[PDB]
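Okay, so here's the structure we're looking at.
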Amino acid sequence: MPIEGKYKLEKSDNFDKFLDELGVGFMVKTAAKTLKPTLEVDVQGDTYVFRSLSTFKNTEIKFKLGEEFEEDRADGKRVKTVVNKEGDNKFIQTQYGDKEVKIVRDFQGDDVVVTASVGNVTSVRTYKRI
């Protein structure tokens with residue numbers, strides 16, 4: 001309930017090198033530099049929906065905690081993934097595959113700190129509630 005709402009990206013750090021390590025297409029990496037996405041969060045009982053709204057693509061994962069599902073990632077790849085909750089502010093998504101991705105979404109009131117990691121490359125992206 002307190003995590004629901006919309007949050008606009010305010011600061012991004014090292015997201016370019018994160019996409020270099022993840023290995024996405026040039027056009028995708030190019031569009032990410034200028035993109036200022038909005039995270040939309042909705043919860044219906046046990047079912048969570050995290051959206052990324054932007055001119056590039058509007059993406060959506062819907063999931064129950066701890067239950068694996070397939071995600072069509074914005075880079076075009078379909079990955080097996082799971083989301084688990086840590087404490088009650090923190091949601092940790094794991095995207096399995098050859099390069100395993102950890103995406104921590106840390107909800108701190110009107111600020112969300114998203115920390116994405118692959119290999120030895122980490123990006124931090126901060127969103128502010130709108």
Side-chain angles (χ1 to χ4, degrees):
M1 267 290 220
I3 71 169
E4 295 177 279
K6 283 166 162 189
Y7 313 77
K8 167 78 122 163
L9 180 67
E10 289 278 350
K11 162 65 177 167
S12 173
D13 185 69
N14 206 47
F15 195 53
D16 46 8
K17 293 228 168 201
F18 169 82
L19 295 176
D20 285 332
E21 181 84 3
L22 181 58
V24 307
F26 173 83
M27 273 201 285
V28 164
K29 178 204 184 169
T30 296
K33 296 192 194 307
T34 79
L35 221 64
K36 185 103 199 293
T38 308
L39 161 62
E40 174 168 38
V41 178
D42 195 302
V43 190
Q44 181 179 78
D46 56 13
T47 295
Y48 292 74
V49 174
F50 296 164
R51 290 185 199 91
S52 173
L53 308 176
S54 80
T55 58
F56 172 72
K57 190 169 300 202
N58 291 340
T59 71
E60 171 178 302
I61 58 171
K62 177 183 333 293
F63 59 88
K64 295 183 189 34
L65 293 161
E67 274 176 48
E68 212 171 289
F69 64 103
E70 314 274 338
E71 173 179 3
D72 294 309
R73 205 165 58 188
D75 62 333
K77 183 158 181 83
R78 169 173 284 204
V79 298
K80 321 209 149 249
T81 177
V82 72
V83 180
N84 284 289
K85 184 175 55 103
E86 189 175 282
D88 36 8
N89 291 349
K90 200 165 283 193
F91 294 78
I92 318 183
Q93 184 185 352
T94 306
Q95 294 173 335
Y96 304 105
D98 276 1
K99 296 193 180 99
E100 181 162 313
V101 187
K102 180 145 88 147
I103 300 160
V104 179
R105 286 170 183 100
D106 191 12
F107 294 90
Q108 300 288 319
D110 293 345
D111 301 320
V112 183
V113 174
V114 182
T115 301
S117 308
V118 58
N120 299 302
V121 187
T122 294
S123 170
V124 175
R125 288 158 71 77
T126 306
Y127 295 73
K128 185 133 56 192
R129 184 188 300 273
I130 71 140

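All values below were derived from every heavy atom in this structure, side-chain atoms included, with hydrogens, water molecules and symmetry-related copies excluded. The chain is numbered in sequence order, starting from 1.
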Has the side chain of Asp13 got a donor or acceptor atom that lies under 3.5 Å from a matching backbone atom of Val124?
no

### Task
Any chance you could lay out the side-chain contact (heavy atoms from CB on, under 4.5 Å) test for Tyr96 and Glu68, step after step, and finish with the verdict?
CA-CA 10 Å; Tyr96 304 105; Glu68 212 171 289; 3.9 Å; yes

Distance col, row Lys64:NZ vs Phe69:CZ, nearest 0.5 angstrom, shows 11.0 Å

CZ (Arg125) and CZ (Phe18) are apart, to the nearest 0.5 Å, by 9.5 Å

Discussion item. Between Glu4 and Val43 (side chain of the first, backbone of the second, donor and acceptor by atom type, cut-off under 3.5 Å), is there such a pair?
Written reply: yes

### Message
Taking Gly119's backbone N and O only, do any of them form a donor-acceptor pair with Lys99's side chain (distance below 3.5 Å, no angle check)?
### Response
no

message: Go through it in stages, so that I can follow the logic: the residues are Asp42 and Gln44, the test is side-chain hydrogen bond (donor to acceptor under 3.5 Å, both in side chains), and I'd like the CA-CA distance, side-chain angles, deciding distance and then a yes or no.
response: CA-CA 7 Å; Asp42 195 302; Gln44 181 179 78; over 6 Å; no

Query - Verdict with reasoning, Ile3 to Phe91, per side-chain contact (heavy atoms from CB on, under 4.5 Å) - result: CA-CA 11 Å; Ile3 71 169; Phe91 294 78; 3.6 Å; yes

Rounded to the nearest 0.5 Å, the CD atom of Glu100 sits from the OG1 atom of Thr94 at a distance of 5.5 Å

Expected output: side-chain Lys36 to main-chain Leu9 donor-acceptor under 3.5 Å: yes

* Asked: Step by step, would you call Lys80 with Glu70 a salt bridge (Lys or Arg N to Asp or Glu O under 4.0 Å)?
  -> CA-CA 5 Å; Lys80 321 209 149 249; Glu70 314 274 338; 2.5 Å; yes

*asked:* Please check: side-chain N/O of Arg51 versus main-chain N/O of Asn58, any donor-acceptor pairing under 3.5 Å?
replied: no

*Can you get from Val118 to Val24 by hopping between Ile, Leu, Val, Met, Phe, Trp and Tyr side chains that sit under 4.5 Å apart?*
yes

CD of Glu10 to OH of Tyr127, rounded to nearest 0.5 Å, is 11.0 Å

- Going only through I, L, V, M, F, W and Y residues with side-chain contacts under 4.5 Å, is there a path from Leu35 to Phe15? yes

Between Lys85 and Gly87 the two heavy atoms that sit nearest each other are NZ-O, 3.4 Å

Margin query: Is there a path of hydrophobic side-chain contacts, each under 4.5 Å between heavy atoms, that joins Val41 and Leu53?
Written below: no

Practice task
May I ask whether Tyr48 and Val79 are part of the same hydrophobic cluster, defined by side-chain heavy atoms of I, L, V, M, F, W, Y residues being less than 4.5 angstrom apart, directly or through others?
Solution key: no

In this structure, OG1 of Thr126 is separated from OH of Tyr7 (nearest 0.5 Å) by 13.5 Å

- Message: Against the six-membered ring of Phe50, is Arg105 placed for a cation-pi contact (under 6.0 Å from the centre, within 45° of the normal)?
- Response: no

Taken to the nearest 0.5 Å, the spacing of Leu22 CG from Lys17 NZ works out to 15.0 Å

Go through the steps for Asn14 and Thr122 under the test side-chain contact (heavy atoms from CB on, under 4.5 Å), then give the verdict.
CA-CA 7 Å; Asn14 206 47; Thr122 294; 5.8 Å; no

Does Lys90 NZ have over 12 foreign heavy atoms under 6.0 Å away? no

Review point. Taking it one step at a time, do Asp75 and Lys77 satisfy salt bridge (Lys or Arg N to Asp or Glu O under 4.0 Å)?
Key: CA-CA 6 Å; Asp75 62 333; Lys77 183 158 181 83; over 6 Å; no

Which of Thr47, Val82, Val83, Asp46 passes side chain to side chain contact (heavy atoms under 4.5 Å, CB included) with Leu65? Answer is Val83

_Under 3.5 Å donor-acceptor, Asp111 side chain and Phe107 backbone_ = no

Original post:
Going through the checks in order, is the side-chain contact (heavy atoms from CB on, under 4.5 Å) test met by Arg73 and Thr81?
Top reply: CA-CA 10 Å; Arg73 205 165 58 188; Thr81 177; over 6 Å; no

- prompt: Do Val28 and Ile61 share a hydrophobic cluster (ILVMFWY, side-chain heavy atoms under 4.5 Å, transitive)?
  reply: yes

